[PDB]
């Protein structure tokens, strides 16, 4: 049995990462969780589960979303395969403006449980067809550093690239396919990397000079381009 969880409106990707990590203890993920940006960051994730575990998953989820409140937040649950009506809503939510009403109507029609405009994102995140995506690895700061100046040093290094083998060593990259994300302010993300190749993300990741402890990091698949 498939079960999907969507959340929208600690930022969303932080909590969504907690959920993904916790639920992976009791259920088999289909894939990395997904970060769906409406132009917005809603998060969704899918697990293979048995009938008898729905309650446990539901309870866990609302348990964690609350502790990380114990310090608007739309949770959406769907059992089974994403039906065409929901996929169509997601594609629609990303092309144009959709109302909370349209969202309520679609959740009822597809039998989602909806536990703030958070429902629009929770729903769309669940239904988003990731035929096209990039990876986005996000590292998170320990709470002691939130609001503290970011301690991370970007050193200029060359990377390894098959396509450049025939070229001279000073060959220049026509495209930056992998990019660093450098947040600011109370945001709990320390640093992140976006790209389409996992090995290339690793190359970048290992080379980043990180002078403060990463609480944890999470790889997402996102409808965002590099």
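Positions refer to the first chain, counted from 1.
- Which fits the stretch between residue 115 and residue 116: none, 1 to 3, 4 to 9, or 10 or more deposited residues lacking coordinates? Gap between residue 115 and residue 116: 4 to 9 unmodelled residues.
- Item | Average Cα temperature factor in the PDB entry - higher stretch of 120-128, 97-105 | Per the PDB record, 97-105.
- Going by the average Cα B-factor in the PDB entry, point out whether 86-94 or 129-137 comes out higher. Looking at the record's C-alpha B-factors, the answer is 86-94.
- Item | Criterion, highest CA B-factor; candidates, 200, 162, 48, 63 | When the deposited C-alpha B-factors of 200, 162, 48, 63 are compared, 63 is largest.
- Task: Kindly indicate the residue among 175, 158, 32, 167 with the greatest C-alpha B-factor in the PDB record.
- Result: Of the candidates given, the C-alpha B-factor peaks at 175.
- Task: Could you say whether, by C-alpha temperature factor, residue 186 belongs to the lowest, middle or highest third of its chain?
- Result: For residue 186, whose C-alpha B-factor we compare with every modelled residue in the chain, the answer is the highest third.
- Query: Lowest, middle or highest third: where is residue 15 by Cα B-factor in its chain?
  - Reply: For residue 15, the deposited C-alpha B-factor lands in the middle third.
- Task: Classify residue 79 as lowest, middle or highest third according to the C-alpha B-factor given in the PDB entry, relative to its own chain.
- Result: For residue 79, whose C-alpha B-factor we compare with every modelled residue in the chain, the answer is the middle third.
- Would you mind checking where the Cα B-factor of residue 9 ranks among the modelled residues of its chain, as the lowest, middle or highest third? Tercile = highest for this residue's CA B-factor.
- For residue 210, the third of its chain into which the C-alpha B factor falls: Answer is highest: the recorded C-alpha B-factor places it there.
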